[PDB]
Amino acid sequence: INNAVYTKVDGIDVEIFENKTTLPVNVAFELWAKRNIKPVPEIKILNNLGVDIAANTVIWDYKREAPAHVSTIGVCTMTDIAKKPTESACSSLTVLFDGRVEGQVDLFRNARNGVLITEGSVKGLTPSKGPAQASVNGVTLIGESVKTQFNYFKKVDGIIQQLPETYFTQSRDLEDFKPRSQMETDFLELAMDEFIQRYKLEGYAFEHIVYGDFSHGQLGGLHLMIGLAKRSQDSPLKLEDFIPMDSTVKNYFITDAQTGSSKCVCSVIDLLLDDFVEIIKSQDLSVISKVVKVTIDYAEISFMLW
């Protein structure tokens, strides 16, 4: 009645892995058991970049409990569409290339479509710093020991790309919300007015927004995490992924922590407050439209700021 895989640790079956894909069990297990468990970029970034297949490894989506991509390359014979990631079979596919391993750079130099991540500089090519944080075997974190911050490069049809200037979502939760800057600390520490005062924000309608819904169309309000975090000395909130998939704007079930009383299904975006202030101040208030399109996580998000 099962598709679970086990190991014996003493006279005890512990379930090492459950199969939640359509693939036959042991085929899936192979796939898993070849996950890159070193630092990878996060699913949101790779979706946003339009990446469909990784070179020579497997990116596992730990929330979805399945591999992040349809096929493979030089990994698992029963789903490999190729062996070297330059075979005719995948010229028309944005291929993740991990520059930390040898010879992947030139594989990418010779690829038609792809993105290359690396720990450092690359000869003749302009980087763009990515997030501070990466994904170490499920857990996303910013790390002291291992380096988690990469530089991205993109190719669309023979040609290197200019990657948009972006902000990055901070991949934080409410359970453990840690301030990442002075402004952020202050905001949580101080009282609204004393804050607006200190950072010079009179007549921006700050209080209105941080706490308010700035959705241009996303499902339920668009609230900002650090803003949800401040409304938590009073009765605080539990979150819960509405859909397993990771993305920049994220749908949740918000319910009271203390008692479960339902609230909404609404979207949160976790941004550095500094980056948030910068965008509220970017808005020109003299024009008709109050939609602000900002590019965050290499993707375009539309806001309603007023």
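Residue positions are given as counts along the sequence shown, with the first one as 1.
233 to 241 set against 25 to 33, stretch whose average Cα temperature factor tops the other in the entry: Mean B over CA atoms: larger for 233 to 241.
Stretch exceeding the other in mean C-alpha B-factor - 98 to 106, 129 to 137: If you average the C-alpha B-factors of 98 to 106 and of 129 to 137, the larger mean comes out for 98 to 106.
Out of 112, 223, 216, 172, highest CA B-factor residue: Most elevated C-alpha B-factor of the set, per the entry: 112.
CA B-factor ranking of residue 177, expressed as a third of its chain: Middle third.
Ranked against its chain, the third holding the CA B-factor of residue 153: Ranked within chain, residue 153 CA B lands in the lowest tercile.
Ranked C-alpha temperature factor of residue 197 among modelled chain residues, by third: Tercile = highest for this residue's CA B-factor.
B-factor third for the C-alpha atom of residue 166 within its chain: Tercile = lowest for this residue's CA B-factor.
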